[PDB]
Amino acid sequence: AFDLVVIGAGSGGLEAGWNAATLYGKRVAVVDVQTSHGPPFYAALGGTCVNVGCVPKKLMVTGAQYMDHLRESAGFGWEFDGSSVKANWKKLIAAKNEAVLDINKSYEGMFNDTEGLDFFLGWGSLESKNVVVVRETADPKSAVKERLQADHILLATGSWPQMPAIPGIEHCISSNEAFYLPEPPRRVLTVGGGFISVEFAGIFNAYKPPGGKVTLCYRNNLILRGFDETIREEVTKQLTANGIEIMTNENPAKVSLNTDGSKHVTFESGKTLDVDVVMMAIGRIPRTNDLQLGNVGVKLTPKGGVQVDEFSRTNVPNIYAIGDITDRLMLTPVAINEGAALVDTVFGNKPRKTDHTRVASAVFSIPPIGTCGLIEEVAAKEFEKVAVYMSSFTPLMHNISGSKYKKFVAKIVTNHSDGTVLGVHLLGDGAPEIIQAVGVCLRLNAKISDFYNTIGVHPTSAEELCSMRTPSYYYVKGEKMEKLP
């Protein structure tokens, strides 16, 4: 039967499926490859976010921040036995595991008491345009155990870590394995400039044993591509100031094992480095190869993502795709938004589509980032006159903390014609929390004057966004100079 079958019980899949059984009394199947977090498939019921993404990572960052809190407390008069201090990775992971497994179970409970909503363990594939094969493994020639007849098929299998084709890649891990290392690595190399590499660099930096060293490498000049440039250079500096070695214009060429089990990394430049863990975080790719999409001619974009329209529909009439598989904005709240939007269009004539512009996102680096809308060099290309407001203060408390390097950065980008805010980019503690309501402002087509005529809350870092009245420089036609001529 089944009005809807969902392949992938993640952020997008679970929302679409719940908004259908409960909202419209439809019959829904959901397929995922595990009931609980962990090896060998890592992602499981709940999604990447719940099992090996946003949720456990936040807890681990929050754990890592305590290295700073402990150090910084001395400036405020706190003393304790310094050389009795121990960062217990194993207690942290155990505490993370129980937190995730609690959510695993709650969804398990959700399924086992909601009619029109049933869950099927195993690997979903596309047999025909109205049937989904639930096999036992990813092997297409493994035992079948269900064949779900479907009116509507939703593809929500998420994304998967990218690995470059070098010798020794088997000895490298991804973020997935990072969540389940039995020991915190003494020497670790995270590969890539993206947010995952940066966040884990901070986590490992906090929990590493004595004699330790995190190194982060990037093949190009400046990490965190696609983020505001001043923020990119500052985060680089502040990570450096907290002991992380940032190693740009380098890329691993091979990886051999040493006689102790550690990794001997050789870079393209000929430079070498011995580490205990090599974590590849060079990209996330859409997870399509186990779905047998060739069997029904489901089309892909030039980059291996499932092509869809503004209503999440493929070339195949009653097959849909949401979340990370579409290779767009890889964010849990967007995948959730797409899932809820997909349903009420199809199962309730409430035609909603998701807005992908001006979406607030964070990066829980130490220090963290918050961002919404366009960066300045992008805004310059589809607007005639762009204004950039910039304020970079060392917060109140870090004069005392001993963490003088912790500069807060606040940047607003406008179409200077009418002063509409196109972008807002924040660096420093609080940024992720500050930016959320900035999302709401941008959605209300807020102008710069709406910010600086708003009365500040003092003392806050957020305050700064209401204290910038005059541009620092402009972009006209795409050119950067200080004064408007």
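We call the rigid core whatever largest set of C-alpha positions still superposes within 1.5 Å between the two forms. Heads up: residue numbers just count along the shown sequence, starting at 1.
Taking the rigid core as the alignment reference, the C-alpha atoms of 346-354 lie farther on average from the displayed form in 8 other deposited structures of this protein than those of the other stretch among 346-354 and 179-187. Higher mean CA B-factor, judged across 334-342 and 348-356 from the recorded values: 348-356.
Taking the PDB entry as given, 310-318 carries the higher mean Cα B factor of the two stretches 310-318 and 85-93. Per the deposited coordinates, the residue with the largest Cα temperature factor out of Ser175, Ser159, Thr240, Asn295 is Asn295. When the C-alpha B-factors of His37, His458, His69, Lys26 are read from the PDB record, the largest value belongs to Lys26. Ranked against the other modelled residues of its chain, the C-alpha B-factor of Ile103 as given in the entry falls in the middle third. Among the modelled residues of the chain, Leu216 sits in the lowest third by CA temperature factor in this PDB entry.
Looking at the C-alpha B-factors along this chain, the one for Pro368 belongs to the lowest third. In the PDB entry, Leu45 places in the middle third of its chain by CA B-factor.
When the modelled residues of the chain are ordered by C-alpha B-factor, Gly439 sits in the middle third.
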